[PDB]
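Enquirer: Fold the following.
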Amino acid sequence: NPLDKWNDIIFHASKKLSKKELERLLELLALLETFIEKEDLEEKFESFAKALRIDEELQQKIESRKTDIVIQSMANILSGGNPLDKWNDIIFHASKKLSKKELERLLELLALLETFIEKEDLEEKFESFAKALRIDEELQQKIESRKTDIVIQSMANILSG
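Expert: Residues are numbered from 1 along each chain as shown. The coordinates are given below.
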């Protein structure tokens, strides 16, 4: 139901509002993933993410963070380049079953990354990473590059379906 309602709100809001919201979530994903690499936690995140297949305590903690993300997302819509433009075209014109599975996949990953950060107590380190982000044009290019990578994977998953 929470994910079902988020999908309804995403596909029924004005094209402008849903594009800004999906782009916000993508940037957050690119930011979190880059932080994991900059902090060299790639393998430690994978051994954390793998446990979701066989842990009851984790499954509930993720299902709960996904509902919170969905609530923030829905709240944002009510409040008012080429790779990202193409990804938006694809997401909105794809088989509605394929775009829903894909958007849910990105939501799960986001819920996983944020839960990992907190468990690992990297909340402050992550803030102080986004605090030195503005003055870092190099790191800004790294994020833009990771977003295009996320977009390619995303387009590949829809095509794979």
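Enquirer: all contacts plus neighbour counts: C-alpha atoms, from now on.
Expert: Fine.
Enquirer: So which residues of the chain form strands?
Expert: Remark: no strands are assigned in the chain by DSSP state E.
Enquirer: Which parts of it are helices?
Expert: Secondary structure of the chain by DSSP state H: the helices cover 2-12, 15-38, 42-49, 56-79, 82-93, 96-119, 123-130, 137-160.
Enquirer: okay, the angle between the third one and helix 56-79?
Expert: What that stands for is helix 42-49. If you take axes from the mean of the first three to the mean of the last three Cα atoms, to 10 degrees, helix 42-49 sits at 100 degrees to helix 56-79.
Enquirer: correct me, but residue 59 touches residue 48?
Expert: No. If you go by Cα atoms under 8 Å, residue 59 and residue 48 don't touch, sitting 11.7 Å apart.
Enquirer: circling back to that earlier point, pipe the helices of the chain into TSV and attach mean neighbour count per row.
Expert: Below are the helices of the chain laid out as TSV (neighbours: other Cα atoms under 10 Å):
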stretch	mean neighbour count
helix 2-12	16
helix 15-38	17
helix 42-49	14
helix 56-79	15
helix 82-93	14
helix 96-119	17
helix 123-130	14
helix 137-160	15
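Enquirer: wait, residue 154 sits on residue 104?
Expert: No. Using Cα under 8 Å, residue 154 is not in contact with residue 104, being 11.3 Å away.
Enquirer: residues touching the residue nearest to residue 62 when sequence neighbours are not counted, list them.
Expert: Nearest non-adjacent residue to residue 62, counting by Cα to Cα, 6 or more residues apart in numbering: residue 111, 5.9 Å away. Shown in contact with residue 111 (Cα atoms under 8 Å, 6 or more residues apart in numbering): 62, 65, 66, 69.
Enquirer: and residue 11, what is it in contact with?
Expert: 18, 92.
Enquirer: gap between the nearest residue to residue 2 once chain neighbours are set aside and residue 94?
Expert: Nearest residue to residue 2 in three dimensions, chain neighbours excluded: residue 67, at 6.0 Å (Cα to Cα, 6+ apart). For residue 67, the distance to residue 94 (Cα to Cα, to the nearest Å) stands at 24 Å.
Enquirer: For the residue sitting furthest away from the middle of the chain, grab phi and psi.
Expert: Largest separation from the mean C-alpha position in the chain: residue 135, at 23.7 Å (Cα atoms, centre = their mean). Per-residue torsions, residue 135: phi -80, psi 0 (degrees, to the nearest 10).
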